[PDB]
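Data first, discussion second: the structure below is written as structure tokens.
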Amino acid sequence: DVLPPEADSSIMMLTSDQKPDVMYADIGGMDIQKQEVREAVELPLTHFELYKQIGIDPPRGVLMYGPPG
Amino acid sequence: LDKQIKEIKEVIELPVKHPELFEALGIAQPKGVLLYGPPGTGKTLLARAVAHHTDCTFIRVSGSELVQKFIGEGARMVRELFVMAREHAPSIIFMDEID
Amino acid sequence: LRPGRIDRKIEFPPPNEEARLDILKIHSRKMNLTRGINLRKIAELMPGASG
Amino acid sequence: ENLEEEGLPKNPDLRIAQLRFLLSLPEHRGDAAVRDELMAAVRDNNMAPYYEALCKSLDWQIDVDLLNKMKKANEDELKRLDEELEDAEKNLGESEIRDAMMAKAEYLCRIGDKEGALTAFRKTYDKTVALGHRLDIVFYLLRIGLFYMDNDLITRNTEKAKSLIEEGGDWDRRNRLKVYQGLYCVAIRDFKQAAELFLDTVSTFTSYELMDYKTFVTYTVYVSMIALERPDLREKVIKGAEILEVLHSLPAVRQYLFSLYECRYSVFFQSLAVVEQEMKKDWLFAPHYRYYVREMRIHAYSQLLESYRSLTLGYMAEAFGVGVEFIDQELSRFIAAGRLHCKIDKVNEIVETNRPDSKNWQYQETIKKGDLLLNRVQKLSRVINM
Amino acid sequence: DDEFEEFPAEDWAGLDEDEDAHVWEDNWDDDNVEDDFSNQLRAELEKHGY
Ligand SMILES: Nc1ncnc2c1ncn2[C@@H]1O[C@H](COP(=O)(O)OP(=O)(O)O)[C@@H](O)[C@H]1O
Ligand SMILES: [Mg+2]
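Residue numbers (the entry's author numbering), protein chains in the order written: chain A, 141 to 209; chain B, 154 to 252; chain C, 306 to 356; chain D, 4 to 389; chain E, 16 to 65.
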């Protein structure tokens with residue numbers, strides 16, 4: 141037998157009730173970081189064709205690093 | 154890097170493709186190349202290009218312990234890489250100093 | 306650095322004004338470029354820049 | 004100022020193809036200026052194989068002295084390139100090998116040796132490891148295909164070019180291929196695709212080896228008026244910033260475009276007549292000059308009738324600056340063809356418009372194109388059995 | 016194969032110089048015999064005294 145791809149996964153997605161209550165407006169003073177994450181995570185997710193038309197290769201992953209807190 | 158492309162060809166391309174030029178000259182075939190300059194100047198770009206154009210297998214030796222299982226279960230010497238380098242001759246062993 | 310070990314040492318200087326234009330001419334092909342871009346001026350706008 | 008230097012190499016020079024076509028026309032066969040400029044291209048580039056075909060097809064007198072001095076230099080240069088390839092294959096490396104056989108291909112292509120150039124380019128492609136260098140050979144073959152209208156060459160290399168641009172995301176080369184594709188689409192009467200491809204590259208045009216930018220915008224406007232709807236025309240052509248800038252230096256093409264959009268039908272017919280003569284002398288638009296003018300006349304008649312329930316013959320004749328008899332004959336021809344949704348009441352000289360549904364037009368195409376497909380299926384089974 | 020030499024193969028005498036060599040959706044309307052539209056329009060501009 142072949143199982144459905146979404147089956148057999150010990151890790152589950154985030155449900156609507158598991159969505160954190162933290163807003164963007166809750167975060168203060170991270171415009172450079174907010175922009176880069178938007179341009180590299182959420183904008184390619186919705187504008188993948190505009191990246192292809194322009195010629196930018198969207199980053200597959202994003203590494204966020206820095207001092208704790 | 155037109156000047157640099159010519160320089161690296163005379164040392165990595167010609168000995169592989171035309172060993173007779175060096176035998177006629179009576180000189181030893183070159184074996185070691187050092188590319189030096191500021192980071193991002195094309196050293197890794199040119200080293201990969203020559204290996205691509207000469208059909209020489211390109212091996213990057215970063216000393217990573219993540220790749221040691223492929224090099225060999227011993228991992229006591231870096232010369233254990235020569236076993237997999239000989240099997241893929243012609244080969245180019247490339248190491249980049251991060252510094 | 307001892308003679309006989311490294312048979313050739315090749316220098317990779319930072320690209321000058323003309324070499325920066327060639328590198329600029331190479332990586333800009335992968336983009337949807339409007340006709341008439343003055344890549345020469347942008348190269349002049351980047352002194353001492355790497356490829 | 005460096006626009007022409009940005010374009011790909013001018014091999015084969017597509018101007019010669021236009022020059023050769025112009026002499027094939029009965030009107031321009033005896034044109035001394037067109038002969039002189041063609042001979043200048045032949046003499047400068049030593050196109051000995053092209054001179055033989057030029058004199059054979061056009062029944063010219065072959066200058067033995069000029070041919071021999073052109074053949075000798077072709078032999079001398081080919082010997083030089085053969086020596087360079089021999090030197091490269093013995094001492095130099097693979098890249099210097101490839102540059103040696105590349106220059107042999109360009110010289111053969113330059114002198115008009117089409118069969119030799121295709122073989123030389125094929126051999127160069129086999130041992131060319133650089134992807135962009137491979138795609139330059141394909142663009143060379145596409146230019147050769149356009150030069151001789153070799154459809155098998157164009158279609159095969161256009162498909163090969165599409166693959167190469169996918170592996171290496173070369174948007175610059177992708178933009179050039181659209182201009183190459185659009186030129187072929189013009190040559191094969193695919194104005195719907197030619198308009199789409201030209202409009203995409205109107206702001207990214209660097210293919211100066213094929214044509215001038217003013218000529219490219221001229222073609223873009225021409226294919227747009229016949230293949231674009233009125234809402235699509237105003238957003239892309241009428242309000243196009245790049246097209247409008249060029250139209251400042253091209254008052255005739257701008258007048259032709261805006262006459263139809265602004266419903267100036269008398270001027271549009273005058274402009275359409277001017278456009279017709281341009282396309283007759285143009286090697287790309289010549290096979291389709293009758294079709295394009297007829298379709299443009301259909302557009303103007305349909306545009307005038309679209310907004311009105313009934314228009315008198317005299318008003319339509321007055322609008323187009325033509326006689327009533329002209330408009331009656333033109334309509335009766337077009338209504339019979341099914342391309343105008345109207346009928347003429349000749350006793351009262353009133354043209355009443357109809358609104359046939361899209362279902363009927365789709366059904367005829369399904370019957371038409373399905374029958375064309377079925378004929379291929381029937382013919383293929385005939386080949387299979389025996 | 017039993018080729019049809021019985022039927023008189025009328026001599027070709029055709030133009031082997033790529034007379035058409037095209038692939039379009041060709042229709043009968045392009046072959047209608049008529050003057051160019053410029054001549055038709057020029058022959059009617061002066062019919063109105065212009
Ligand atoms: N001279 C150059 N020409 C074209 N691209 C270059 C050049 N130098 C650097 N690059 C680009 O920079 C990137 C990384 O360069 P790299 O070769 O890693 O630098 P380094 O020479 O310090 O190793 C490559 O992907 C390459 O595309
Ligand atoms: Mg580096």
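Note that CB positions come from ideal geometry on N, CA and C, so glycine has one too.
In DSSP terms, what residue i is bridged to
i                      : result
residue 300 of chain D : Partner(s): none; residue 300 of chain D has no beta bridge.
residue 346 of chain D : D/355
residue 314 of chain D : D/354
residue 211 of chain B : B/245
Three-state class that DSSP yields for residue i in the structure shown
i                      : result
residue 100 of chain D : helix
residue 313 of chain C : strand
residue 187 of chain B : strand
residue 42 of chain D  : helix
residue 85 of chain D  : helix
residue 396 of chain D : The displayed coordinates of chain D run from 4 to 389. Any statement about residue 396 of chain D would go beyond what the structure contains.
residue 278 of chain D : helix
residue 68 of chain D  : helix
residue 144 of chain A : coil
residue 294 of chain D : helix
residue 225 of chain D : helix
residue 288 of chain D : coil
residue 189 of chain D : helix
residue 77 of chain D  : helix
residue 208 of chain D : coil
residue 370 of chain D : helix
residue 105 of chain D : helix
residue 162 of chain B : helix
residue 28 of chain E  : coil
Buried versus exposed call for residue i [16 or more other C-beta atoms within 10 Å across all chains shown]
i                      : result
residue 84 of chain D  : buried
residue 63 of chain D  : exposed
residue 150 of chain A : exposed
residue 205 of chain B : exposed
residue 63 of chain E  : exposed
residue 373 of chain D : exposed
residue 299 of chain D : buried
residue 77 of chain D  : buried
residue 292 of chain D : buried
residue 204 of chain A : exposed
residue 331 of chain C : exposed
residue 223 of chain B : exposed
residue 65 of chain D  : exposed
residue 235 of chain B : exposed
residue 387 of chain D : exposed
residue 14 of chain D  : buried
residue 371 of chain D : exposed
residue 147 of chain D : buried
residue 363 of chain D : exposed
residue 179 of chain B : exposed
residue 181 of chain A : exposed
residue 383 of chain D : exposed
residue 239 of chain D : buried
For ligand 2, residues whose Cβ lies under 6 angstroms from any non-hydrogen atom: B/192, B/197 and B/249
Members of the region 178-194 of chain B that neighbour chain C once the beta carbon cut-off is set at 7 angstroms: 183, 184, 185, 186, 187, 188, 189, 190, 191, 192, 193 and 194
Residues in the region 188-213 of chain D having any Cβ partner in chain C nearer than 8 angstroms: Taking 8 angstroms as the Cβ-Cβ cut-off against chain C, the residues of the region 188-213 of chain D that qualify are 206, 207, 208 and 209.
Against chain C: residues of the region 155-187 of chain D by CB proximity under 9 angstroms: Under the 9 angstroms Cβ criterion, the region 155-187 of chain D contributes 171, 172, 173, 174, 175, 176, 177 and 178.
Proximal residues, the region 312-343 of chain C versus chain D, C-beta separation under 8 angstroms: 333, 334, 335, 336, 337, 338, 339, 340 and 341
Residues within the region 93-123 of chain D neighbouring chain B, beta-carbon criterion of under 9 angstroms: 93, 94, 95, 96, 97, 98 and 99
Residues of the region 192-216 of chain B with Cβ closer than 8 angstroms to any Cβ of chain D, in chain order: Flagged, chain order: 205, 206 and 207.
Contacting positions in the region 123-135 of chain D - beta carbon closer than 9 angstroms to chain B: 132 and 133
Cβ-based contacts, 8 angstroms cut-off: residues of the region 164-178 of chain B near chain C: 164
Under 9 angstroms (Cβ pairs) to chain D, residues found in the region 33-45 of chain E: From the region 33-45 of chain E, only 33, 35, 36, 37, 38, 39, 40, 41, 42, 44 and 45 have a Cβ closer than 9 angstroms to chain D.
Proximal residues, the region 327-353 of chain D versus chain E, C-beta separation under 7 angstroms: Listed by position along the chain: 329 and 340.
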